[PDB]
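Below is one structure, written out as structure tokens; comments come after it.
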RNA sequence: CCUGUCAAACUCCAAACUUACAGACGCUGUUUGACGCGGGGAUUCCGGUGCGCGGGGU
RNA sequence: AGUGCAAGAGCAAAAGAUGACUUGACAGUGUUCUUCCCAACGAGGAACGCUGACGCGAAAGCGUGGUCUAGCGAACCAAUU
RNA sequence: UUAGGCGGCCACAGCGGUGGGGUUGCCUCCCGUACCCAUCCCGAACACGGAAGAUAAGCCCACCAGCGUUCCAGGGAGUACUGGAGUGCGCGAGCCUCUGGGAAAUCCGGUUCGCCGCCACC
Ligand SMILES: [Cl-]
Ligand SMILES: [Cl-]
Ligand SMILES: [Mg+2]
Ligand SMILES: [Mg+2]
Ligand SMILES: [Mg+2]
Ligand SMILES: [Mg+2]
Ligand SMILES: [Mg+2]
Ligand SMILES: [Mg+2]
Ligand SMILES: [Mg+2]
Ligand SMILES: [Mg+2]
Ligand code: NA
Ligand code: NA
Ligand code: NA
Ligand code: NA
Ligand code: NA
Ligand code: NA
Ligand SMILES: [Sr+2]
Ligand SMILES: [Sr+2]
Ligand SMILES: [Sr+2]
Ligand SMILES: [Sr+2]
Ligand SMILES: [Sr+2]
Ligand SMILES: [Sr+2]
Ligand SMILES: [Sr+2]
Ligand SMILES: [Sr+2]
């Protein structure tokens, strides 16, 4: 009952929103894998007349590459209560977003016979805080 | 009419009721009809290809062979006999 | 211009403002009169002005009949008196005038009119029992300024 | 079985209505036909309702009308009991009249003209501008009402 | 759902089970469909034709009924997939089915995958199915040589239940031999 | 929430009715040959009115 | 939402978006509808075939230009293959 | 169908909700990257290999009507509108009678929480 209901780290998205590149080298040193460029839609008046152009970079970390990052990323910032999603995810800062979920998330991410996760099996903000508090740091 | 194009005055007949919107079921698009069979002519708004002239919507013709995958259906427009090239997607069997 | 040119329902419904431009504003200043904070169910007496013939009543006639009706109620019951009158019809029908002979005859936009069917309530006033004969007089003045003959019908009131 | 009689002429009458009367074997004013009560025939009299007078006749009245106005398919010949005896599947006018009313046969099926060419109404009819319910002579009649008309048109 | 104008998808689209656009292009051939479906533990292969009230299956084969002929090995792999296709294809030849078109459903057209193995098996059984040779796996991977060379990196055994130690892809050969023989009870 | 109105170029609805094909009845055709096909000759292409439905216009 | 442009219509594992590849916007010849309801009339247009050669795809299949309805021109003469 | 596959009709099937169900069985979540294959970055997905664990998801089974939807009853309504007819009424816009058809909104009460086909399967 409790084993298939206890949270796990799905992905740690480390992103850098610049606007105009040179920030790719420092991400690959702190994370462990390769980063990808980020484009943008709609013409903006802040000298952004090009649609398909490198504005930022992101890194999606999974499994061991995620936990070995969070052991050195979480003690760098003070986690608040209002910093949580309605789904139970948190973002701080270099933007570091952590997507937390229950063991049956493949059902909404697979190709064949996919279904959206029920509101009861969806993670709560309170149930998310309890998991991180139980792993080397304080809440509030 | 203000213009004499094929799709003139066809707002009603070539539009779907909101619930019949989206891609149509494949079953009726692959239906096989035999020569001599009486078929009803009605354009499916969701299917672009294999259509006939909208003036012929509502006709009940007779299948008299086929041209490729499309059918050659004989109708009588007023008093004039015409042969219509039409795919199964726009045809329904009588009864 | 006389009402003889616009009183009948002889043209199609011409209301679509997305295809019609230059429509004159409505001369109707108010639609909710008296005490618009109080409810219609808070009054014992409900008297309506019923139109007998199917007609088109212009915004100028609506304002004239409403003004001559409400002005009597302001005179007899006071400016902040215990009554509430409603003009339920709005001038939706846009009117033209051909003002060149019969060539390019589609007229320019000159006004608006309210299509009221026979048997319908144009005005409806809610008052007390002692103010009932003052409102029947306000409607007597109001029917003289519109095109058809009218009925002053009491809907809620067996106090006679 | 109803008895149709044309009371209004062909001029200004709709072509599809005039054609229905011709399909019901009635081509002139005052001409009568004996029509069965089926779904198909009901649609036809309803279309002709305003130019006709119909209703179920009594055995007595039908017998009087057949005696005086029935004609063979071809010829002048009187349709009396002896004629009915020699050419029909019946014994007398009564046997024919009963079969017609019970919808067992038709006048044509028995070698008689489908049309009973009646005489104008003696003492006149109730009028060709109003129906029976309004005091006129058009539309559906009572059995007593159609009898008065057919007997007046002997 | 929200109101009268709301358009609820077709049932098999709502369930995310049928790609209706691919289905039409598949049905355009006029030939029966070789429905190649997978599961985590098993592999299915059906020969489906078109019917008035729904689809008609003329000859099927699941990897569970493979054991009926002598398969003591697992059922969700490459050798299993080929043999399930071969079994479906042979049952099809007895039903009168001579030609088919490969339906992979919502599975990916990845080179050398299990659904292409199901196809290679059905063709080898005598069915005429439009294929591409270089999209199919090399004969040794179909045998299960990739699983044997994975058991060479032993230390800890690959299979939990006792079948063998170093794995026998020779069982594939001993199964294709049994099915190619006409004396078999289908 | 409550309360007041609308649409030739709006529609969750929706007639009467018009309309394709077929069967049945009716009527019609097989000496009055219908339906249809081919050919000769036209006249005609200022129309009007009633009624129903209209559009423009006081 | 988007889908080049009126308006109305079509489209969501797409007809839209991104990416990659590609040149079928191909040659030849028809059937049919339209142009011109019924009901004769050209150019033009469209749908649907076949022959040839290709592109893409695992394949069915899709591609006879742009999701559909506008974007068009006789004889004579010239140039061109 | 003690949980499967392919479907037809394409909301009566939607939205939301409650309860129940899985030792060598089924579907899953699940476990895992040597390979076929894969991510413009991630075995997340796709692909492949596999069973330590689980019924919490999904899925299957039973059920609830609050919203949406289908059909039915009664009321609205034979009202609105309407094909045919009239030396019927009205100054007139228009109405009426006879005949043949006949709504919509809304309210109340029921129904609907899919039906059916082929295949496989203690
Ligand atoms: Cl056509
Ligand atoms: Cl599958
Ligand atoms: Mg229209
Ligand atoms: Mg004679
Ligand atoms: Mg006299
Ligand atoms: Mg008289
Ligand atoms: Mg010249
Ligand atoms: Mg030149
Ligand atoms: Mg459960
Ligand atoms: Mg008069
Ligand atoms: Na890039
Ligand atoms: Na559709
Ligand atoms: Na001028
Ligand atoms: Na003329
Ligand atoms: Na042409
Ligand atoms: Na479960
Ligand atoms: Sr007018
Ligand atoms: Sr007056
Ligand atoms: Sr019409
Ligand atoms: Sr096209
Ligand atoms: Sr994994
Ligand atoms: Sr007069
Ligand atoms: Sr007057
Ligand atoms: Sr009725």
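For segment A:86-93, check the following and say yes or no: at least one residue is within 14 Å of another protein chain (Cβ to nearest Cβ), surrounded by 13 or more Cβ atoms within 10 Å (Cβ to Cβ) and touching a helix residue (DSSP H, G or I) at 6+ places or on another chain (Cβ under 7 Å). Steps first, answer last, please.
Initial filter on segment A:86-93 (within 14 Å of another protein chain (Cβ to nearest Cβ)): none.
No, that holds for no residue.
Exactly one residue out of E:23, E:33, E:44 is within 21 Å of residue B:25 (Cα to Cα), crowded, with 17+ Cβ neighbours inside 10 Å and more than 10 Å from chain B (Cβ to nearest Cβ): that is E:33. Considering (1) in a loop (DSSP other than H, G, I, E, B); (2) away from chain B (no Cβ under 14 Å), the lone condition that residue E:5 does not fulfil carries the number (2).
Of the residues making up segment E:115-124, at least one is under 30 Å from residue E:13 (Cβ atoms), within 14 Å of chain A (Cβ to nearest Cβ) and surrounded by 11 or more Cβ atoms within 10 Å (Cβ to Cβ). One residue stands out in segment C:27-51 among those that are assigned to a strand (DSSP E or B) and in contact with a helix residue (DSSP H, G or I) (Cβ under 8 Å, 6 or more places away or on another chain): the one that is farthest from residue C:142 (Cα to Cα), namely C:45.
Given the residues D:50, D:92, D:76, which is the only one that is surrounded by fewer than 18 Cβ atoms within 10 Å (Cβ to Cβ) and within 16 Å of RNA strand F (Cβ to nearest atom)?
Details: D:92 fails: within 16 Å of RNA strand F (Cβ to nearest atom); D:76 fails: within 16 Å of RNA strand F (Cβ to nearest atom).
Testing whether each residue is surrounded by fewer than 18 Cβ atoms within 10 Å (Cβ to Cβ) and within 16 Å of RNA strand F (Cβ to nearest atom) leaves just D:50.
For segment B:1-23, indicate whether the set of residues that are under 14 Å from the mean Cα position of the chain (by Cα) and assigned to a helix (DSSP H, G or I) is non-empty. Looking through segment B:1-23, none of the residues is under 14 Å from the mean Cα position of the chain (by Cα) and assigned to a helix (DSSP H, G or I).
Exactly one residue out of C:38, C:27 is within 19 Å of residue C:130 (Cβ to Cβ) and surrounded by fewer than 19 Cβ atoms within 10 Å (Cβ to Cβ), and it is C:38. Please work out which residue is nearest to residue E:54 (Cα to Cα), limiting yourself to segment B:6-51 and to residues that are within 16 Å of ligand 3 (Cβ to nearest atom) and exposed (fewer than 11 other Cβ atoms within 10 Å of the Cβ). If we take residues in segment B:6-51 being within 16 Å of ligand 3 (Cβ to nearest atom) and exposed (fewer than 11 other Cβ atoms within 10 Å of the Cβ), then B:17 is nearest to residue E:54 (Cα to Cα).
Just need a number here: residues in segment E:126-139 that are part of a helix (DSSP H, G or I) and surrounded by 13 or more Cβ atoms within 10 Å (Cβ to Cβ).
Final tally of qualifying residues: 1.
As for segment E:96-112, it holds no residue that is away from chain A (no Cβ under 14 Å) and part of a helix (DSSP H, G or I). Given the criteria more than 16 Å from ligand 11 (Cβ to nearest atom), crowded, with 20+ Cβ neighbours inside 10 Å and not in a strand (DSSP E or B), does residue E:88 qualify? For residue E:88, the condition - more than 16 Å from ligand 11 (Cβ to nearest atom), crowded, with 20+ Cβ neighbours inside 10 Å and not in a strand (DSSP E or B) - is met.
Among what's in segment B:7-39 and is away from ligand 12 (no atom under 16 Å from the Cβ) and under 22 Å from residue E:51 (Cβ atoms), pick the residue that is nearest to the other protein chains (Cβ to nearest Cβ). My answer is B:32.
Positions of Cβ are backbone-derived with ideal geometry, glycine not excepted, and every protein chain shown enters the neighbour counts. No lab work stands behind these numbers, since they all come straight from the coordinates.
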